[PDB]
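Novice: As input, take work26.cif (mmCIF, C-alpha atoms):
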data_query
#
loop_
_atom_site.group_PDB
_atom_site.id
_atom_site.type_symbol
_atom_site.label_atom_id
_atom_site.label_comp_id
_atom_site.auth_asym_id
_atom_site.auth_seq_id
_atom_site.Cartn_x
_atom_site.Cartn_y
_atom_site.Cartn_z
ATOM 1 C CA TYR X 79 -5.426 9.443 9.235
ATOM 2 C CA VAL X 80 -4.310 9.234 12.857
ATOM 3 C CA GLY X 81 -5.967 5.820 13.202
ATOM 4 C CA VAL X 82 -8.295 6.651 16.112
ATOM 5 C CA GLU X 83 -11.875 7.871 16.231
ATOM 6 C CA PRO X 84 -12.573 11.437 17.400
ATOM 7 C CA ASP X 85 -14.470 9.943 20.360
ATOM 8 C CA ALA X 86 -11.937 7.166 21.024
ATOM 9 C CA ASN X 87 -11.314 8.661 24.470
ATOM 10 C CA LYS X 88 -14.714 9.013 26.128
ATOM 11 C CA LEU X 89 -13.533 12.074 28.081
ATOM 12 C CA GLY X 90 -13.770 14.279 24.997
ATOM 13 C CA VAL X 91 -13.361 14.543 21.255
ATOM 14 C CA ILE X 92 -10.091 15.126 19.399
ATOM 15 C CA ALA X 93 -9.863 17.591 16.509
ATOM 16 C CA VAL X 94 -6.915 17.911 14.118
ATOM 17 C CA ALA X 95 -6.881 21.088 11.998
ATOM 18 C CA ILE X 96 -3.564 21.605 10.189
ATOM 19 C CA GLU X 97 -3.254 24.283 7.521
ATOM 20 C CA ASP X 98 -1.394 23.778 4.253
ATOM 21 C CA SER X 99 1.425 26.035 5.491
ATOM 22 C CA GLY X 100 2.079 23.589 8.345
ATOM 23 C CA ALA X 101 0.473 25.700 11.069
ATOM 24 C CA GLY X 102 -2.246 24.021 13.087
ATOM 25 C CA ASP X 103 -3.350 22.693 16.439
ATOM 26 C CA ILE X 104 -4.584 19.464 18.018
ATOM 27 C CA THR X 105 -7.374 20.024 20.540
ATOM 28 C CA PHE X 106 -8.936 17.776 23.186
ATOM 29 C CA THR X 107 -12.230 19.279 24.378
ATOM 30 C CA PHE X 108 -13.788 17.590 27.398
ATOM 31 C CA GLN X 109 -17.496 16.905 26.901
ATOM 32 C CA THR X 110 -20.181 17.381 29.532
ATOM 33 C CA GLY X 111 -21.756 14.095 30.587
ATOM 34 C CA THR X 112 -18.538 12.061 30.411
ATOM 35 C CA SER X 113 -15.943 14.251 32.180
ATOM 36 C CA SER X 114 -15.642 15.629 35.693
ATOM 37 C CA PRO X 115 -17.325 19.016 36.283
ATOM 38 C CA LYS X 116 -13.977 20.708 36.951
ATOM 39 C CA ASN X 117 -12.561 19.681 33.557
ATOM 40 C CA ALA X 118 -15.822 19.915 31.590
ATOM 41 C CA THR X 119 -15.730 22.090 28.445
ATOM 42 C CA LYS X 120 -11.969 22.615 28.821
ATOM 43 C CA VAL X 121 -9.608 22.449 25.844
ATOM 44 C CA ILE X 122 -6.014 21.201 25.674
ATOM 45 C CA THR X 123 -4.403 22.630 22.538
ATOM 46 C CA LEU X 124 -1.153 21.455 20.926
ATOM 47 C CA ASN X 125 -0.513 24.503 18.754
ATOM 48 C CA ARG X 126 2.032 24.192 15.937
ATOM 49 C CA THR X 127 3.437 27.276 14.240
ATOM 50 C CA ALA X 128 4.441 27.535 10.590
ATOM 51 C CA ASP X 129 8.083 27.265 11.719
ATOM 52 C CA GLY X 130 7.534 23.839 13.291
ATOM 53 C CA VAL X 131 7.493 24.867 16.963
ATOM 54 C CA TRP X 132 5.164 22.808 19.166
ATOM 55 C CA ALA X 133 3.493 24.330 22.226
ATOM 56 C CA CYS X 134 0.843 23.037 24.630
ATOM 57 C CA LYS X 135 -1.870 25.360 25.949
ATOM 58 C CA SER X 136 -4.591 24.366 28.410
ATOM 59 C CA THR X 137 -7.678 26.243 29.591
ATOM 60 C CA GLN X 138 -8.130 24.133 32.739
ATOM 61 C CA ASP X 139 -7.320 25.268 36.256
ATOM 62 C CA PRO X 140 -3.592 25.755 36.953
ATOM 63 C CA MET X 141 -3.670 23.012 39.598
ATOM 64 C CA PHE X 142 -5.220 20.518 37.158
ATOM 65 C CA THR X 143 -3.032 21.527 34.209
ATOM 66 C CA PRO X 144 -0.559 18.738 33.354
ATOM 67 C CA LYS X 145 3.153 19.456 33.334
ATOM 68 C CA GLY X 146 4.598 20.868 30.128
ATOM 69 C CA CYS X 147 1.390 22.674 29.129
ATOM 70 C CA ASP X 148 1.071 26.397 29.758
ATOM 71 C CA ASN X 149 -2.123 27.740 31.292
ATOM 72 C CA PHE G 7 -54.019 -10.290 95.542
ATOM 73 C CA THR G 8 -52.263 -13.051 97.487
ATOM 74 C CA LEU G 9 -48.887 -13.064 99.209
ATOM 75 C CA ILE G 10 -47.798 -16.000 97.047
ATOM 76 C CA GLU G 11 -48.563 -13.879 93.965
ATOM 77 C CA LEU G 12 -46.360 -11.045 95.224
ATOM 78 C CA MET G 13 -43.562 -13.340 96.398
ATOM 79 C CA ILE G 14 -43.440 -15.011 92.979
ATOM 80 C CA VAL G 15 -43.210 -11.527 91.444
ATOM 81 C CA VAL G 16 -40.356 -10.618 93.802
ATOM 82 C CA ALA G 17 -38.529 -13.861 92.987
ATOM 83 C CA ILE G 18 -38.909 -13.305 89.239
ATOM 84 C CA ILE G 19 -37.720 -9.707 89.679
ATOM 85 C CA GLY G 20 -34.602 -10.995 91.416
ATOM 86 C CA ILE G 21 -34.072 -13.663 88.754
ATOM 87 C CA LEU G 22 -34.524 -11.130 85.938
ATOM 88 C CA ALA G 23 -31.813 -9.094 87.647
ATOM 89 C CA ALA G 24 -28.355 -10.616 88.275
ATOM 90 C CA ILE G 25 -27.802 -10.840 84.504
ATOM 91 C CA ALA G 26 -24.034 -10.564 84.151
ATOM 92 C CA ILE G 27 -22.873 -7.522 82.176
ATOM 93 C CA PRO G 28 -19.593 -8.258 80.339
ATOM 94 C CA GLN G 29 -16.879 -5.720 79.642
ATOM 95 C CA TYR G 30 -17.743 -3.216 76.909
ATOM 96 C CA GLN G 31 -15.188 -0.382 77.098
ATOM 97 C CA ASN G 32 -12.670 -2.510 75.184
ATOM 98 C CA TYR G 33 -15.036 -2.638 72.204
ATOM 99 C CA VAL G 34 -15.477 1.143 72.266
ATOM 100 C CA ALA G 35 -11.722 1.728 72.534
ATOM 101 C CA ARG G 36 -10.997 -0.637 69.636
ATOM 102 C CA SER G 37 -13.667 1.013 67.483
ATOM 103 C CA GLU G 38 -12.258 4.452 68.325
ATOM 104 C CA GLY G 39 -8.770 3.340 67.316
ATOM 105 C CA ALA G 40 -10.056 1.879 64.053
ATOM 106 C CA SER G 41 -12.021 5.058 63.313
ATOM 107 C CA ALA G 42 -8.990 7.262 63.977
ATOM 108 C CA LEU G 43 -6.750 5.113 61.775
ATOM 109 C CA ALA G 44 -9.329 5.126 58.972
ATOM 110 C CA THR G 45 -9.622 8.907 59.338
ATOM 111 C CA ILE G 46 -5.891 9.633 59.051
ATOM 112 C CA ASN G 47 -5.022 6.861 56.566
ATOM 113 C CA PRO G 48 -6.189 8.686 53.380
ATOM 114 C CA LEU G 49 -4.043 11.682 54.362
ATOM 115 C CA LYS G 50 -1.012 9.597 53.362
ATOM 116 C CA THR G 51 -2.165 9.787 49.737
ATOM 117 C CA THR G 52 -2.493 13.579 49.870
ATOM 118 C CA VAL G 53 0.974 14.135 51.352
ATOM 119 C CA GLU G 54 2.692 11.681 49.004
ATOM 120 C CA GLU G 55 0.952 13.066 45.917
ATOM 121 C CA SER G 56 1.722 16.672 46.869
ATOM 122 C CA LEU G 57 5.377 15.809 47.478
ATOM 123 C CA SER G 58 5.503 13.970 44.141
ATOM 124 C CA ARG G 59 4.196 17.042 42.293
ATOM 125 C CA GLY G 60 6.791 19.281 43.958
ATOM 126 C CA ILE G 61 4.558 21.073 46.468
ATOM 127 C CA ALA G 62 6.637 22.089 49.473
ATOM 128 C CA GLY G 63 6.069 20.071 52.625
ATOM 129 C CA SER G 64 5.435 23.231 54.635
ATOM 130 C CA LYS G 65 2.643 24.071 52.162
ATOM 131 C CA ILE G 66 0.716 20.843 52.887
ATOM 132 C CA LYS G 67 -1.806 21.902 55.535
ATOM 133 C CA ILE G 68 -5.124 20.621 56.881
ATOM 134 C CA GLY G 69 -8.372 22.438 56.178
ATOM 135 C CA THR G 70 -11.217 22.949 53.750
ATOM 136 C CA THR G 71 -9.559 25.930 52.039
ATOM 137 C CA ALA G 72 -9.417 25.463 48.267
ATOM 138 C CA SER G 73 -5.994 24.059 47.397
ATOM 139 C CA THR G 74 -4.093 26.164 44.868
ATOM 140 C CA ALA G 75 -1.284 25.177 42.498
ATOM 141 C CA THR G 76 1.278 25.819 45.258
ATOM 142 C CA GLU G 77 -0.700 24.998 48.429
ATOM 143 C CA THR G 78 -2.507 21.741 49.203
#
Could you render the structure from this file as structure tokens?

Specialist:
Amino acid sequence: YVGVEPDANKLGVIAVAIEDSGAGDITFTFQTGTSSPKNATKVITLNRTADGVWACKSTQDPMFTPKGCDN
Amino acid sequence: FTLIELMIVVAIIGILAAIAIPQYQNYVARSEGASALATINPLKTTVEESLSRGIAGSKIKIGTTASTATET
């Protein structure tokens, strides 16, 4: 267990879904009512392939997307 | 109506006048300077943040146009 609650960050919940093959993603979905309207219902995904390659994908606006995460 | 009544009125009119009016343009000028400084002070944050994120200085303009990933 990662040691934190899904709602530890009030901005949104965190979901960890890793398959047995090693492929999976870690998502942070901003929740309406606790996040700014621009970032509401947006997802930041840390996708991991079965080969162990980590990539960051974000559905936010390109201006608001943090560095190192593709949009 | 008596002349003493009217002369007292004239005297009180003169007394109610002659109230010294101090300088007031200095207050307006100081307030204008403070307002201008408070208007342009937050623009330091915008320029510094845009330069920190790599946005070109020539791309930092003034206006209500929606800032993009390259223009601010």

Novice: Dump as a PDB file with C-alpha atoms, keeping the file's coordinate frame the residues of chain G that approach chain X to within 9 Å, counting all atoms listed in the file.

Specialist:
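File selection.pdb, as written:
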ATOM      1  CA  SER G  73      -5.994  24.059  47.397  1.00  0.00           C
ATOM      2  CA  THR G  74      -4.093  26.164  44.868  1.00  0.00           C
ATOM      3  CA  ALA G  75      -1.284  25.177  42.498  1.00  0.00           C
ATOM      4  CA  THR G  76       1.278  25.819  45.258  1.00  0.00           C
TER       5      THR G  76
END

Novice: For this file, the PyMOL selection byres ((chain G and resi 48-54) around 12) selects which residues, as a list in words?

Specialist: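 For this structure, the PyMOL selection byres ((chain G and resi 48-54) around 12) resolves to residues 42, 43, 44, 45, 46, 47, 55, 56, 57, 58, 59, 60, 61, 62, 63, 64, 65, 66, 67, 68, 69, 73, 77 and 78 of chain G.
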
Novice: Report the distance between CA of residue 127 in chain X and CA of residue 101 in chain X in Å, rounded to one decimal place.

Specialist: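 Straight-line distance from CA of residue 127 in chain X to CA of residue 101 in chain X works out to 4.6 Å.
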
Novice: Would you be able to write out as a PyMOL selection string which residues have an atom within 12 Å of (1.7, 22.7, 20.5) in the file's coordinates, counting all atoms listed in the file?

Specialist: chain X and resi 94+96+101-105+122-136+146-148

Novice: Extending 4 Å beyond the listed atoms of range 95-105 of chain X on each side, what axis-aligned box results? I want centre and edge lengths in Å to one decimal, as AutoDock Vina command-line options.

Specialist:
--center_x -2.6 --center_y 22.7 --center_z 12.4 --size_x 17.5 --size_y 14.6 --size_z 24.3

Novice: Skip residue 107 in chain X itself and residues of its chain fewer than 2 positions away, then list as a short mmCIF file (atom, residue, chain, number, x, y, z; two decimals) with C-alpha atoms, keeping the file's coordinate frame all residues within 9 Å of it, counting only C-alpha atoms.

Specialist:
data_model
loop_
_atom_site.label_atom_id
_atom_site.label_comp_id
_atom_site.auth_asym_id
_atom_site.auth_seq_id
_atom_site.Cartn_x
_atom_site.Cartn_y
_atom_site.Cartn_z
CA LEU X 89 -13.53 12.07 28.08
CA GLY X 90 -13.77 14.28 25.00
CA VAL X 91 -13.36 14.54 21.26
CA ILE X 92 -10.09 15.13 19.40
CA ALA X 93 -9.86 17.59 16.51
CA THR X 105 -7.37 20.02 20.54
CA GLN X 109 -17.50 16.90 26.90
CA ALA X 118 -15.82 19.92 31.59
CA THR X 119 -15.73 22.09 28.44
CA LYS X 120 -11.97 22.62 28.82
CA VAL X 121 -9.61 22.45 25.84
CA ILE X 122 -6.01 21.20 25.67
CA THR X 123 -4.40 22.63 22.54
#

Novice: In Å, with one decimal, what is the gap from CA of residue 114 in chain X to CA of residue 82 in chain X?

Specialist: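 CA of residue 82 in chain X lies 22.8 Å from CA of residue 114 in chain X.
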
Novice: At what distance in Å, to one decimal, does CA of residue 112 in chain X lie from CA of residue 84 in chain X?

Specialist: 14.3 Å

Novice: Should you be able to, write range 126-138 of chain X of this structure into a file that contains C-alpha atoms, as an mmCIF file, in the first residue's frame.

Specialist:
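This went into result-v8.cif:
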data_model
loop_
_atom_site.group_PDB
_atom_site.id
_atom_site.type_symbol
_atom_site.label_atom_id
_atom_site.label_comp_id
_atom_site.auth_asym_id
_atom_site.auth_seq_id
_atom_site.Cartn_x
_atom_site.Cartn_y
_atom_site.Cartn_z
ATOM 1 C CA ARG X 126 3.696 2.411 -17.280
ATOM 2 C CA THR X 127 4.168 -0.070 -20.106
ATOM 3 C CA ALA X 128 4.891 -3.773 -19.707
ATOM 4 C CA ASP X 129 8.528 -3.016 -20.603
ATOM 5 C CA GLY X 130 8.965 -0.673 -17.631
ATOM 6 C CA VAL X 131 8.838 2.662 -19.477
ATOM 7 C CA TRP X 132 7.234 5.506 -17.514
ATOM 8 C CA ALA X 133 5.377 8.315 -19.284
ATOM 9 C CA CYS X 134 3.273 11.221 -18.014
ATOM 10 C CA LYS X 135 0.118 12.278 -19.864
ATOM 11 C CA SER X 136 -2.128 15.179 -18.871
ATOM 12 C CA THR X 137 -5.535 16.244 -20.179
ATOM 13 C CA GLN X 138 -5.269 19.811 -18.849
#
